[PDB]
Each structure stands twice: as C-alpha cells, then as structure tokens.
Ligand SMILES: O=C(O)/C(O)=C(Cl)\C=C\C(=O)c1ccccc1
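Single chain ahead, written as structure tokens, the form deposited without the ligand.
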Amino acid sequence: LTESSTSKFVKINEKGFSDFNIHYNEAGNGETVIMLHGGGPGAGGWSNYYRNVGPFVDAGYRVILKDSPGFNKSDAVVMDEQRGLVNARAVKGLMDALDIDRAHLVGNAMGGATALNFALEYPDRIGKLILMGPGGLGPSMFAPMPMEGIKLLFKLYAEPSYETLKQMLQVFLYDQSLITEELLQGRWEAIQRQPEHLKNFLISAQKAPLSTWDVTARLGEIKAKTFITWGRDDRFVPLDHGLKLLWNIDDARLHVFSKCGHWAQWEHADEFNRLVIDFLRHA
C-alpha cells in the first residue's frame, strides 16, 4: 500500500460544508475504521497512520485515513467553531457520501477531539472509539498550559521553518533517533505545499481558542466502548486527561506506553496495532 495507490477524493455536504473536497487514503474492504490525524502543521492521514494501515487491513478492516478540513489535500477552510466539532461534521459528511452506516474511530490529538465530538453528535453512527492523547479536554490538574508542545505548534504555524519543525518534532517524539531526514523532509514538504492551511489554522484559532473545545461536561453521554492510549512522555497533551476520560466515559480502558511522546501509534506501532485490533475484535 502506498499513499498514491490509496488516495481518493470525495465532496461532502453537511451542516456548513457545501461541495467541500475531502482527501482520504483507503485500503481494505471489511468493517470501516476511520483514522483521524493530529493538528500540527503538515499533518495528514497517510503521514500520521502509514504504520497502522497495513496491519488493520490485514486484520480485515476497511481503513480510511481522512484528511481533516484545512489539512493536507483536503480543501482550505477558516473555522469559527471549535475544530473537533467542525471536523466531526466532516466525518459524517464523508460517511454519508460513501454510504457508511457506522464506523470505528481512531483519533490522535486533534483527531481525538474530532472522535469525541463525533461520538457525542452522532452516537448511532459510531462503533468503537479509540483515542490517543485527545486534545481540548480543558485544564490539566498538573501541567502548566499551554503545554510545551502546543506552544511549539503555534510557533511553527506562525513562522514555519525547517529548524522550528525539527524543534517541534524533538518535543513530539520521545526517541530522538526516530527523527530521520525522511520524517523531516516529508513534514516540511506538507508545510511548504500548503501555506494557506497554516494561515487559516491561526485565523481559526483566534475565532475559537482551544478553551472552547472542552467537551468534558458531555462525556457521560458516550455509550461507545472506548480505548484510550497515552504516551507517558507526551508534552502536548497532559497524562491526567487519560484519567479524566477513564472516570467520565462509561466503558473505557486506559493504556499508557512508556518512552512515548505524542505519536503513540507510530512510536509504539506494533503494540498499538495489536492492542487496538484485539479491542475491535473482542471488546
């Protein structure tokens, strides 16, 4: 499987979205699992999940790596509402366009916020819910905010440079030996390729700051069986939010990886794939 061979586009129409172009990468043909990426400059579906797509397809799932609005090859957008909600409407729009009745959701960071909002807004359209360091869940009980990684994400959006990208990735990942030239060049290309996305992210964030993303008060509504992952060493979203989710969602479990930053599905791909596939099959 490659980015090119799996690449697809679909126009969506859903509250606010009109003939809005969504790029996604699709492989497999079984039950649908939609994987949703983080919010850093240059993020996208394939980039975030290329270590996960193969094993999930092998396990029998249809995998859709979705580019959220204002990221990668999806259409540019300026949002005036919290991004998790707007992103979730876009997931529903994609599912309606593709005739998908229910999907399992896997959501990393901003994508975790997207997945939580989808579960809340469209409970009849979700199967299981998988969350990796989801963002926006209000204050931490321990971590000063904005968190270290989030400050870097905003710096890179406002003043993109290869050096600042490297600085962000150093904080993003626990193991520094994972920061290859391939990783750096790929992220830099995605940043260079769509400067409009960077500008629009910042305009959006002024319209709806992260303090407006907090869905904590509604977590008791979630009936989806939920699997929460955290990196012990995540400098972008605080570890205690994994506990927050565990206490507030009816049927959740929490798995924390040691020596792991904000990209658990990539940093601990083998264990992540095994745990999440097991969860989807048997939970």
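Just count from 1 along the sequence shown to find any residue number.
Legend: mean Cα B-factor per stretch from the PDB entry, 208-216 versus 137-145; the higher mean is in 208-216.
Stretches compared: 198-206, 105-113. Higher mean C-alpha B-factor in the entry: 198-206.
Within the selection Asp240, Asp233, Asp67, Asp58, the deposited Cα B-factor values reach their highest point at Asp58.
Across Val77, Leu183, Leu129, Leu153, the entry's maximum B-factor at the CA atom is seen for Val77. Per the deposited record, the Cα B-factor of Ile222 falls in the highest third when ranked against the other modelled residues of its chain. Among all modelled residues in its chain, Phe172 ranks in the middle third by Cα B-factor.
Among the modelled residues of its chain, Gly30 has a C-alpha B-factor that falls in the middle third, as given in the PDB entry. Ranked against the other modelled residues of its chain, the C-alpha B-factor of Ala90 as given in the entry falls in the middle third. Among all modelled residues in this chain, the alpha-carbon of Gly39 has a temperature factor (C-alpha) in the lowest third.
Unshown form deposited with the ligand bound; subsequent notes refer to it.
Highlighted residues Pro55, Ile130 and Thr229: none comes within 4.5 Å of the ligand in the bound PDB entry, counting any heavy atom. Partner contacts here mean any heavy atom within 4.5 Å of the ligand in the bound PDB entry, and among 73-81, 90-98, 120-128, 145-153 they occur only in 145-153. Proximity of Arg187 to the ligand in the bound PDB entry falls within the 4.5 Å heavy atom cutoff.
Interface membership of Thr114, defined by any non-hydrogen atom within 4.5 Å of the ligand in the bound PDB entry, is ruled out. In the bound PDB entry, the ligand sits within 4.5 Å of a heavy atom of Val237. Not displayed here, the ligand is approached by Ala109 to within 4.5 Å at the level of heavy atoms in the bound PDB entry.
For the partner-free chain shown, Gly38, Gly39, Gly40, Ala43, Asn48 of 21-50 come within 4.5 angstroms of the ligand in the bound PDB entry, judged by any non-hydrogen atom.
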